[PDB]
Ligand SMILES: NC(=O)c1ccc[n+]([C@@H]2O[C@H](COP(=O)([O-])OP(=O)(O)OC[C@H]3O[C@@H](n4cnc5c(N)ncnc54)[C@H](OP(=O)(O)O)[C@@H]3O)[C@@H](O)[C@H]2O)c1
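Shown below, as structure tokens, is a lone chain in the form solved without the named molecule; questions about how it binds or moves come after it.
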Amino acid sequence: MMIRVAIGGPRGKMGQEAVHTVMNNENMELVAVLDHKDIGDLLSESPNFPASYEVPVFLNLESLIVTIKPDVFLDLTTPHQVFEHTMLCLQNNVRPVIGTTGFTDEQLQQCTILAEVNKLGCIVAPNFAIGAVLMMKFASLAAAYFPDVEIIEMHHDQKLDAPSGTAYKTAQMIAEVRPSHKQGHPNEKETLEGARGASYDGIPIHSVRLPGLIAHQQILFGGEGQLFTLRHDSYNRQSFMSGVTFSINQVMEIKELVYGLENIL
């Protein structure tokens, strides 16, 4: 059936893309947004979400829920609001799809148990890019056969952290499967400090930062006589959208909370 979607935080960089995605998906209708602005935001610099009869703007989620009764709520707001949003949806027969981290352990347990008792789907997706998540999922399967692996991630030269969050998560996922070991000859020595990169559980990770690049990762699996590589290249925030689409479709089909798209792709 049609899926009636409300979006929290439509004006964010991700939010703007999600709006366009939901509006363009044949089987989805954007029916409301949860939104509010900084009290000092000049309209000339920081416009309102555009006024329409078809997509009313609410300040309060309870009110949105009771008035619009969306099937799904896509939360692209902030870590400090996700728990209260999720619980509110789950108690009102709305499936929440949450696009940021921020739950405590205890908070997540409460949402998980509530989803299960209500037999209502919930997806928490710290990464919506299906290509990035498949990359990670497949890497952790591959690591059963090729325990020697390196990760190379590349981003634009304004990025403040190295390695990337994606690279860290990737290494964590591999390390669930791959026996812990270091790599490289036991007696190798760097003659220029840092050449071998960082190490997560023995997995080398290298971080490239150059103008021009957006977000890119390769995972290299070595073995006798061969190399098996997984690679993801993201050129813009549309890379996230097939994950938004999949999440909204799939939340309607499941009856429990799933954390991480790797657990359902």
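Throughout, rigid core stands for the largest set of C-alpha atoms superposing within 1.5 Å between the two forms. The numbering used is simple: start at 1 and walk along the sequence shown. Shifts are known only where both forms have a C-alpha.
What comes next is about the form deposited with the named molecule bound, which is not displayed.
Chemist: If you check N93, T104, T101, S180 against the named molecule in the deposited complex, which one has a heavy atom within 4.5 Å?
Modeler: Contact with the named molecule in the deposited complex is made by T101 alone.
Chemist: Within 4.5 Å of the named molecule in the deposited complex, heavy atoms considered, which of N118, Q81, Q110, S140?
Modeler: Contact residue from the list: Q81.
Chemist: Should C89 be classed as touching the named molecule in the deposited complex when contacts are defined as heavy atoms within 4.5 Å?
Modeler: Judged by the heavy-atom cut-off of 4.5 Å, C89 is well away from the named molecule in the deposited complex.
Chemist: With the cut-off set at 4.5 Å between non-hydrogen atoms, does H36 touch the named molecule in the deposited complex?
Modeler: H36: yes, in contact with the named molecule in the deposited complex.
Chemist: Quick check on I254: any heavy atom within 4.5 Å of the named molecule in the deposited complex?
Modeler: Residue-level check for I254: no, no contact with the named molecule.
Chemist: Check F240 for me: does it contact the named molecule in the deposited complex (non-hydrogen atoms, 4.5 angstroms)?
Modeler: Flag for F240 set to yes.
Chemist: Counting only heavy atoms and a 4.5 Å cutoff, which of 151-159, 110-118, 172-180, 187-195 contacts the named molecule in the deposited complex?
Modeler: In the other structure, the partner sits against 151-159.
Chemist: So, a 4.5 angstroms cut-off on heavy atom distances: do all three of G12, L76 and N127 pass it with respect to the named molecule in the deposited complex?
Modeler: Yes, each of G12, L76 and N127 comes within 4.5 Å of the named molecule in the deposited complex.
Chemist: Cα of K119 displaced 2 Å or more between the shown form and the other one, core superposed?
Modeler: No; that C-alpha moves by less than 2 Å between the shown form and the other one.
Chemist: Given a core-based superposition, decide whether the C-alpha of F138 shifts by 2 Å or more between the shown form and the other one.
Modeler: The answer is yes; the displacement is at least 2 Å.
Chemist: Given a core-based superposition, decide whether the C-alpha of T67 shifts by 2 Å or more between the shown form and the other one.
Modeler: Not so; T67 is displaced by less than 2 Å.
Chemist: Between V19 and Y53, do the C-alpha atoms lie closer or farther in the deposited complex than in the shown form, with a difference of 3 angstroms or more?
Modeler: Relative to the shown form, the pair is closer.
Chemist: Since the CA distance of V19 and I39 differs by 3 Å or more in the deposited complex, is it closer or farther than in the form displayed?
Modeler: Closer, not farther.
Chemist: Name, in sequence order, the runs of three or more consecutive residues whose C-alphas all shift 2 Å or more between the shown form and the other one, counting only residues present in both forms and superposing on the rigid core.
Modeler: Core-superposed, displaced stretches are 36-54, 134-236.
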